[PDB]
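A.B. asks: Sharing a structure with you now.
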Amino acid sequence: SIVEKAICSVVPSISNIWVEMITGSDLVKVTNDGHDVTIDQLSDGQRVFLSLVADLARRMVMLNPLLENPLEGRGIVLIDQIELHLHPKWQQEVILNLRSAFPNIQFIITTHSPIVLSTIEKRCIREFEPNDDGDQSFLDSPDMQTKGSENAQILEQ
Amino acid sequence: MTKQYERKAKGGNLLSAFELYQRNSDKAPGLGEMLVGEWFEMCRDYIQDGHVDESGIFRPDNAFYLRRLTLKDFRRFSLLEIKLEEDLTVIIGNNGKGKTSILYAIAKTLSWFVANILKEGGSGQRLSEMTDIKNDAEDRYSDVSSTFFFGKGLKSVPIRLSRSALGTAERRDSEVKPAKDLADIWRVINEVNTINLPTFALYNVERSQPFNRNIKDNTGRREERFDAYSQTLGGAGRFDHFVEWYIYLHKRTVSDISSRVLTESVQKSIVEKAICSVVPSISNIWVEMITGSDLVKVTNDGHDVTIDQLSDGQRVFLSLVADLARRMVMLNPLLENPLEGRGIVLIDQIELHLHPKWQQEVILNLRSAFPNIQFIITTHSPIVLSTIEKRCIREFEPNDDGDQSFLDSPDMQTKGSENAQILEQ
Amino acid sequence: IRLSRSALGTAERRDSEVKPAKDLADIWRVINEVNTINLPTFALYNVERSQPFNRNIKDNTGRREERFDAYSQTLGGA
Amino acid sequence: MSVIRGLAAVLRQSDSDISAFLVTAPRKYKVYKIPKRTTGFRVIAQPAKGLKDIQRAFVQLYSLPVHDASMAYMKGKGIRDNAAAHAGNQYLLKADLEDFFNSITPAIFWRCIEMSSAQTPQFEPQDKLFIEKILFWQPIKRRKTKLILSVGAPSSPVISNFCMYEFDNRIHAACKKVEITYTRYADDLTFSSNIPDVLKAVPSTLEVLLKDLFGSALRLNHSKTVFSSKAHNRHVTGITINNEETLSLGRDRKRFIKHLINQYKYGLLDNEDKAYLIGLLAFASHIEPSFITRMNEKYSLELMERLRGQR
RNA sequence: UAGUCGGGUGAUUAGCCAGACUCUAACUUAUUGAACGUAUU
Ligand SMILES: Nc1ncnc2c1ncn2[C@@H]1O[C@H](COP(=O)(O)OP(=O)(O)O)[C@@H](O)[C@H]1O
């Protein structure tokens with residue numbers, strides 16, 4: 001139940017996930033927008049995000065048996081290109097969902113989109129300057145508050 | 001009979017001319033010939049004719065592209081119809097709306113063309129009976145109908161790929177004969193006299209896997225012309241094949257001293273120019289043979305670096321461009337610029353691993369390098385759409401359940417527009 | 001029986017003619033299924049025959065006693 | 001014995017002989033391949049002479065209901081009427097049926113008999129077995145329960161016209177209310193209207209009506225559903241509709257005929273191509289009479305008189 | 001702008017000239033059989 005709640009509450013399209021017996025063999029079926037497709041019928045965007053969230057939730061559940069909510073456990077998670085295969089609609093809620101499902105995990109992510117940056121505070125961003133040959137010795141936060149700003153402003157400044 | 005075929009062929013019909021050529025050839029010392037010199041010459045001139053327009057680009061007289069696609073009970077679509085453009089088509093929408101399904105269906109259709117170009121009566125890929133049929137369809141079968149255009153002499157090449165669901169007594173056949181006929185024309189004409197062949201390529205999400213130079217005994221011969229069709233619609237272009245081919249070209253060029261000029265050097269130069277022009281960060285590419293394992297090196301932002309030290313985004317795009325350039329060069333030996341050959345290229349998520357700065361010019365660079373290629377592309381970005389005309393965009397409504405009949409363009413001109421406006425509208 | 005192959009891009013395809021061998025083997029198989037008969041033994045022993053023994057041996061019991069296991073890897077060389 | 005008695009009366013043969021003939025009659029077909037115009041072949045099964053005579057006598061004896069929207073295999077009606085039904089119109093929805101003749105089984109024929117809205121001949125249960133032997137072709141020798149209509153048989157056109165009498169009636173009734181005219185040349189449904197954006201809803205109606213009537217046996221060919229308007233080429237069953245709302249053979253065919261006449265002017269046309277041109281000019285005179293006058297002006301009346309009919 | 005329609009010229013299925021149209025949108029097909037046109041009759 002904990003893993004199901006973690007999966008459904010983070011992936012925007014997944015409503016319910018369960019194991020069904022088909023022709024004797026056991027397989028996992030999910031609910032995408034009211035339809036009951038299976039896992040290998042998922043798109044590259046929903047399947048990758050689902051795999052990430054499911055793996056993280058399973059790891060927390062196994063590693064945190066003494067908590068009432070195993071997802072509220074310590075850890076460090078590195079994610080490369082968090083917005084991978086994600087529509088801009090899903091990028092507006094990929095950080096809030098992850099940080100509400102895993103409150104105590106330190107997330108260190110890299111992004112290529114301003115829509116993700118619009119949901120993140122300025123203090124949390126380390127930016128490489130466009131004219132950087134590698135001699136610089138500090139990654140700095142932007143000089144604009146990206147949280148709650150326009151897409152054009154974040155994309156330009 | 002013979003005279004109906006003659007009347008159609010002299011009117012410009014390619015299929016009738018090829019039928020006349022094959023028949024007349026059959027009689028080796030009888031009526032007809034070897035280049036039937038009327039019918040074989042007309043077929044080869046149909047395939048090969050073209051002119052250089054005012055911009056210096058060679059344009060084939062009879063272009064080849066995909067006109068229409070119909071999807072019946074295929075994945076989420078009950079009945080969908082698309083009207084792809086000749087030059088560029090961009091499919092957009094939310095996640096799980098069926099863009100990758102459309103590209104997958106088009107690639108499955110093109111696999112028959114590739115297979116029948118490679119072999120006589122070859123069998124292409126087929127729809128899956130486990131995941132491609134719509135789950136809640138009543139009929140329990142799926143269709144993927146397509147129509148291809150190959151000039152005024154061959155205006156329609158209908159091909160339908162069908163598959164019935166698992167455990168269904170009644171099976172559905174596929175109508176793949178016209179594609180076999182067109183590819184038979186291509187292959188037979190090429191055998192008698194070398195002609196430029198179309199390039200069919202699919203670049204799915206399956207690309208962008210790590211790349212290590214682990215391909216030595218790779219069995220197949222990369223110089224062989226018809227190696228440009230090997231795994232060309234698998235989703236991940238063979239970048240290892242490109243590396244082997246490039247090293248082969250470099251060896252043939254450095255070991256050499258109709259006009260006593262090596263065509264391998266010309267191919268290598270063309271591929272180098274294409275790679276440098278399309279990829280933004282890469283400025284020059286070469287092969288190093290000292291430190292005596294063969295290595296490919298590129299100039300990234302003024303720093304000479306190896307091919308496995310590229311980032312994810314400068315290596316995936318480089319793989320795509322290099323594979324496409326190699327296949328175009330190998331399949332178009334008679335063209336002054338082989339990249340001006342015709343074909344259909346499918347790119348899924350063209351903005352993959354790319355910074356917004358690179359998204360502002362990927363489409364323009366790709367269309368400038370390959371002007372006669374029909375690009376069918378999906379994207380999740382307003383920045384890529386700001387560089388693309390409105391007529392090229394096929395959008396999915398935000399409240400579609402798969403029962404839409406025809407995909408449409410947006411009501412707002414996207415070319416040259418601000419990113420916020422394209423995002424909102 | 002003819003085993004034919006053609007290069008890629010050839011105008012005409014060269015195919016095998018394995019039908020008579022298939023017919024003879026069909027006779028063998030069907031007659032054996034109806035009533036047990038003696039079957040021919042086709043084997044190939046290449047240079048790869050000279051390979052070291054591996055002593056402790058997979059106890060994959062159940063398939064070594066079936067009759068048609070005599071055709072398993074029988075033309076592999078070793 | 002009803003049907004056999006009538007067949008004997010018309011064919012002047014004994015009832016016993018006709019009954020004996022109609023035992024392996026569905027197997028009495030000779031199948032051959034005719035060339036396609038571009039490439040490939042078409043498989044046609046034509047019944048033997050005796051079975052052909054039996055089928056002709058049967059279709060002459062029993063008249064099945066047919067609709068006025070059917071322009072194929074009808075006396076006095078043909079290609080020109082089908083094209084001229086949509087001559088004055090702007091948008092059109094040419095559609096096709098998937099293996100129409102081979103999808104008509106005896107079950108379909110008998111089902112359509114009992115639910116017909118119009119008068120239907122009364123068939124005794126004794127002759128219902130003989131009707132299937134008379135009409136339907138049995139294409140596989142080992143399978144005796146696979147009976148289908150074969151194009152190339154005298155009886156098949158009228159049987160196929162009757163099997164879609166109810167489909168034609170319902171489509172015409174539902175289609176004339178939205179100001180759309182409908183025709184069918186026995187495999188090729190034609191819709192046109194001067195009202196925009198009303199033809200786009202027709203293919204769904206066709207699909208649901210086909211499911212309602214024939215179930216899964218008969219279905220549309222989704223690859224052959226074509227929309228067109230005055231911005232594009234418009235042709236109905238071989239006749240191009242001009243932007244001037246008149247029937248025409250198309251510019252290409254009319255230039256081909258002009259080339260043939262010019263070749264005949266200088267004696268560069270042999271006997272076979274001369275006969276082909278006389279046949280094509282008869283067809284052109286049927287479809288587009290003004291083309292004959294224009295060719296008389298261009299190539300003089302004397303030359304046309306020497307080529308075409310003189311008496 | 002394409003694309004489409006097709007009146008004329010053109011040893012003529014090509015090239016050209018004039019005119020016109022634009023529902024998101026033709027792709028010209030099949031006999032010996034059926035009907036249509038035409039010819040013998
Ligand atoms: N057989 C099927 N039946 C029903 N829905 C399916 C079937 N196969 C796939 N789908 C649905 O189609 C979508 C496939 O996503 P995809 O085509 O990759 O889209 P995209 O390019 O937008 O990511 C998913 O939403 C999935 O639920």
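How things are named: the first chain in the structure tokens is A, the next is B, and so on; residues count from 1 in each chain; ligands count from 1 in the order shown.
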Near chain E, which residues of chain B fall within 7 Å when you count only C-alpha atoms (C1' of nucleotides), and what do they look like as a PyMOL selection string?
C.D. replies: chain B and resi 10-11+155-156+408
A.B. asks: Those same residues, written as a CSV table (one decimal), in the first residue's frame with N, CA and C atoms?
C.D. replies:
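And here is the file that came out, selection.csv:
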chain,number,residue,atom,x,y,z
B,10,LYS,N,4.4,5.4,-71.8
B,10,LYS,CA,4.8,6.6,-72.6
B,10,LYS,C,4.1,7.8,-72.0
B,11,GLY,N,3.0,7.6,-71.3
B,11,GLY,CA,2.4,8.7,-70.6
B,11,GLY,C,3.0,9.1,-69.3
B,155,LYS,N,1.6,8.1,-58.1
B,155,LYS,CA,1.1,9.0,-57.1
B,155,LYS,C,0.6,8.3,-55.8
B,156,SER,N,0.4,7.0,-55.8
B,156,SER,CA,-0.1,6.4,-54.6
B,156,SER,C,0.5,5.0,-54.5
B,408,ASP,N,-4.6,18.0,-36.4
B,408,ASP,CA,-4.7,19.3,-37.0
B,408,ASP,C,-3.5,20.2,-36.6
A.B. asks: Please write out the residues within 6 Å of ligand 1 as a PyMOL selection string, counting only C-alpha atoms (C1' of nucleotides) and all ligand atoms.
C.D. replies: (chain A and resi 32+37+41-45) or (chain B and resi 75-76+94-101+131-135)
A.B. asks: Tell me, which residues of chain A carry DSSP alpha helix (DSSP H), written as a ChimeraX atom specification?
C.D. replies: /A:2-10,44-63,88-91,94-101,114-117,151-156
A.B. asks: Please produce an output containing C-alpha atoms for each residue in the selection, written as a short mmCIF file (atom, residue, chain, number, x, y, z; two decimals), in the first residue's frame.
C.D. replies:
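This is the output file selection.cif:
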data_model
loop_
_atom_site.label_atom_id
_atom_site.label_comp_id
_atom_site.auth_asym_id
_atom_site.auth_seq_id
_atom_site.Cartn_x
_atom_site.Cartn_y
_atom_site.Cartn_z
CA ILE A 2 2.85 2.41 0.79
CA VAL A 3 4.49 1.76 -2.58
CA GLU A 4 1.14 2.09 -4.38
CA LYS A 5 0.44 5.44 -2.71
CA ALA A 6 3.96 6.64 -3.55
CA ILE A 7 3.62 5.64 -7.20
CA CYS A 8 0.13 7.02 -7.80
CA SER A 9 0.75 10.35 -6.05
CA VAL A 10 3.91 11.24 -8.01
CA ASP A 44 8.83 6.52 -22.57
CA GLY A 45 7.81 9.45 -20.37
CA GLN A 46 5.48 7.71 -17.94
CA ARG A 47 7.47 4.47 -17.78
CA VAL A 48 10.81 6.12 -16.92
CA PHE A 49 9.28 8.32 -14.22
CA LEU A 50 7.33 5.34 -12.86
CA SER A 51 10.48 3.23 -12.73
CA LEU A 52 12.40 5.98 -10.92
CA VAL A 53 9.66 6.54 -8.32
CA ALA A 54 8.97 2.82 -7.85
CA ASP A 55 12.66 1.98 -7.40
CA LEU A 56 13.15 4.80 -4.89
CA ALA A 57 10.01 3.84 -2.96
CA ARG A 58 11.02 0.17 -2.83
CA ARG A 59 14.51 1.09 -1.60
CA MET A 60 13.08 3.31 1.15
CA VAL A 61 10.52 0.66 2.15
CA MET A 62 13.18 -2.04 2.48
CA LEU A 63 15.72 0.24 4.19
CA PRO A 88 6.14 20.85 -19.90
CA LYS A 89 2.84 20.23 -18.08
CA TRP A 90 4.50 17.51 -15.99
CA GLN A 91 7.62 19.64 -15.40
CA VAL A 94 7.93 17.08 -10.86
CA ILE A 95 9.76 18.74 -7.94
CA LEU A 96 6.80 19.28 -5.60
CA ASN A 97 5.63 15.68 -5.98
CA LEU A 98 9.10 14.25 -5.38
CA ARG A 99 9.80 16.48 -2.38
CA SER A 100 6.39 15.72 -0.84
CA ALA A 101 6.79 11.96 -1.34
CA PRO A 114 13.13 26.72 -17.13
CA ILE A 115 9.74 25.22 -16.23
CA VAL A 116 11.42 23.04 -13.61
CA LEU A 117 13.42 26.04 -12.41
CA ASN A 151 9.03 31.27 -18.35
CA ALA A 152 10.47 34.04 -20.53
CA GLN A 153 12.21 35.74 -17.60
CA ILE A 154 13.87 32.52 -16.43
CA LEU A 155 14.81 31.60 -19.99
CA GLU A 156 16.43 35.00 -20.63
#
A.B. asks: May I ask you to extract the residues of chain D within 10 Å of chain B, using only C-alpha atoms, and to give them as a PyMOL selection string?
C.D. replies: chain D and resi 34-40+200-201+204+216+222-224+252-253+256+272-273
A.B. asks: Neighbouring residues of residue C:71 were defined as those with any atom within 12 Å, considering only C-alpha atoms (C1' of nucleotides); residues of the same chain fewer than 2 positions away were excluded. Please report them as a list in words.
C.D. replies: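 Surrounding residues, per the criterion: residues 39, 40, 41, 42, 43, 44, 63, 64, 66, 67, 68, 69, 73, 74, 75 and 76 of chain C.
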A.B. asks: Within 7 Å of residue E:26, counting only C-alpha atoms (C1' of nucleotides), which residues qualify if same-chain residues fewer than 2 places away don't, as number ranges by chain?
C.D. replies: D: 226, 228, 233-234
